[PDB]
Every structure is written in C-alpha cells, then in structure tokens.
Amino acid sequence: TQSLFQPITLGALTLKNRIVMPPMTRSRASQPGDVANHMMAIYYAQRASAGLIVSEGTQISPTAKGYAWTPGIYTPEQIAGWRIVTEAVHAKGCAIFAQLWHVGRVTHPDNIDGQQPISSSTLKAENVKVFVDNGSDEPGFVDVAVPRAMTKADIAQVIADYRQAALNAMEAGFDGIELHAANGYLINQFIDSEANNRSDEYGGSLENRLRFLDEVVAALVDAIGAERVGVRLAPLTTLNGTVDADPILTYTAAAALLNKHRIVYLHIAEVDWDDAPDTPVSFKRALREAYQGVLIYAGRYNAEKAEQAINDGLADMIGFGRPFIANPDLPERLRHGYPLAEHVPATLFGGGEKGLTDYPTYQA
C-alpha cells in the first residue's frame, strides 16, 4: 500500500495521497430547492482524509436531474449550500471537485417538472429505473421515460448550462469540476453507438459521436481552466443502457480527444454496482498512452488491487466508493489493514443523518 500513500500533484493542487472518494449520489439535499446542506457538509468533512473528494452528481439545471433529492448547482441558494460543504472539506485540508451532472434520458418526468427527458435520440434506456419523491421519505423506484432527441438549440442550451455550472462550482469554493460523461447519462448517450441514432454532425461516425463531449469540455475549459477540469467515462459498463459497438476504439479515441484539451484528470468508472466487465490490462495501457494526465480508476478496488494498479503504471489514483460510504476513515483503515465496515443499502438514498454521518471511525 506504499504507492497508495504517496502524494500527487493535480494541477495547482498537491494532494496528500492517491485515494479518491468517488462521486456518490446520496439524495440528501434539502427541500424545497434541492440544496446541499449541513449534514452533507459533515458527511464530506468526515471523509476528508481522502486525497481527493469528488462530489455526488449535482445537476446543472432543473431538467438535468434524474433522481429525487439530489443537490443542484444552478441557483444562488444551491451555490451557497455547496459553499458550506467545500469550506468544511477545506478546513480538513482536502481538495474537492464538483461532479457536473445531466442525466439525459435516465430520469422520470416527476424529477424534471413534468418535462420529457432529452437525449441524443428517442431511444428509451432499456431495463433502467430511477427513483422519485412520492409523498414519503422512501425512494420510489420507477421505470425511466422515453426521451425526445435534442435539437441544435438544446445542445447550445446544455453547453451553456454546463459552462455556467462550472463557474457556479468555483463560486461555491470547489477546487475543480468533474464532467459526468459516464454511467449512461447524457453525454454517454451521445458517445455510445447503440444509444445514438442521430443523422447530423453529432452521430453516425466516431468523430461525430464524440463531438458533444468535445464541445462541452471546450466550454468547461474556457470557463475555468483545464487544470480544474476532470472527466469521467465508462467504456465498458452498460448498466444504465448505453452500449458501444467498439468500446476500445471509441474510448481510446475519447481519451486522446480529452488529452488534447489537457484536462487535469480522466476518471474511469470501471464498475457500476454489480456491472463489473472484464477490463483488459492492454486496454488500460492504451488509455495510459492516449491520455497523459492523472488517471483515476474506481470499481471494486481493495488496498492490494489499488497498489498493484498504481505500481503497474495503469493508474495514478484509485477511488473507493462503497467502502468510503461505511468507513469515514477509509484511508487509515487501508493503510493499517483494519477491517472495513460494510454499508447498508437501505440508507444509501434519501433519509437523513442515519446511514450518512453515523458510520463510526475505527475503534479497536
């Protein structure tokens, strides 16, 4: 676990270790207004021994939301709410990036003011569910709705929303932003061939399928600087409905495209819940060559596997998701080999402090 506890430079930041708390939706935002709050600030501060914390997905607009009670980052109140979180995290000496989110077709009208979801095309995500607020504090799971294909105007609007969300994140005190272009959400809906049936310049060819990602990133970098922009991709998982015919070519190309933008880090979501596809070392090495910045991987890693990935030159940082939910002092436990508490699925989403800030630190 030696390399895991080595510091690392991320743009203008000098992080304490290679451990990342990956973005994890907890749906604890205050109502009404979907505002980041006090318990969330405590929650993130409790886990500030991580080298880097990436916030749970935060929607860039009212129609970018896919799940009940997730925090937004477009209203003044929402910005202020996030400010309390970043202040709390910074007081602990940690860095934190805001994950800018647009779920595209992975949502239900109930979560976006009755509006129809948008996507690259009119394809509904197959076998996918999200959850909504149904007059009770227990997530109500529902099938996603059929989306409408984005028009040129929609594309301009979403890019504008992303750009402003980035500025909003800086106003909120975040050290940077992470573009959620993974796990089957909006941008991923353009990237993957089987989810994109557009006949215009945003579909039909690899270059075209990567165009939206290219333009969104261009706007983000222009707004806050490449050193403060990270991007998350999911080349092989397909849990939320996005499948690409030639992932290796598509995502190696995506990595090269992002390298041109000099984004500060590329984050690969290697596992999504129980979707843990074989991710060839050869593929990981190709990504390492296509993208020369900081490479982060998350998905079923333990101390041994994380150390191995870094020592083999495949990754620079490793994110631990589920373990960080239940172990606020995960880094210390990983370093000492202390047993890890396990999280309770029933309290991952919704509710209050229980299952959020009451997982204790290790005590022999």
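From 1 onward, residues are counted along the sequence shown.
Practice task
Give yes or no for this: do at least a third of the other compared entries, each modelling residues before and after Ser119, lack coordinates for it?
Solution key: Looking at the other entries that model residues on either side of it, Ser119 is present in every one.
Exercise for the section: Would you mind checking whether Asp137 is unresolved in the model of at least a third of the other PDB entries compared? Expected result: Yes, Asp137 lacks coordinates in at least a third of the other entries compared.
Handout entry: 324-332 versus 57-65 - greater average Cα B-factor per the deposited record
Key = The stretch with the larger average C-alpha B-factor is 57-65.
Problem - Per the entry, higher mean C-alpha B factor between 37-45 and 315-323 - result: Per the PDB entry, the higher value belongs to 37-45.
Problem - Per the PDB entry, maximal CA B factor within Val130, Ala95, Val103, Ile159 - result: Largest recorded C-alpha B-factor: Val130.
Handout entry: Which of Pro71, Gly173, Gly230, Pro139 ranks first by CA B-factor in the deposited coordinates
Key = That would be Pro139.
Handout entry: Cα B factor band for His267 (lowest, middle or highest third within the chain)
Key = For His267, whose C-alpha B-factor we compare with every modelled residue in the chain, the answer is the lowest third.
Exercise for the section: Would you please rank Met21 by its C-alpha temperature factor against the other modelled residues of its chain and give the third it falls in: lowest, middle or highest? Expected result: Its C-alpha B-factor, which the entry lists for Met21, ranks in the lowest third among residues of this chain.
Handout entry: Position of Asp275 among the chain's modelled residues by C-alpha B-factor, lowest, middle or highest third
Key = According to the entry, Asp275 has a C-alpha B-factor in the chain's middle third.
Practice task
Name the third of the chain's ranked CA B-factors that contains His180, choosing lowest, middle or highest.
Solution key: Its C-alpha B-factor, which the entry lists for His180, ranks in the lowest third among residues of this chain.
Exercise for the section: Tell me, lowest, middle or highest third: where does the Cα B factor of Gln31 rank within its chain? Expected result: Its C-alpha B-factor, which the entry lists for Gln31, ranks in the highest third among residues of this chain.
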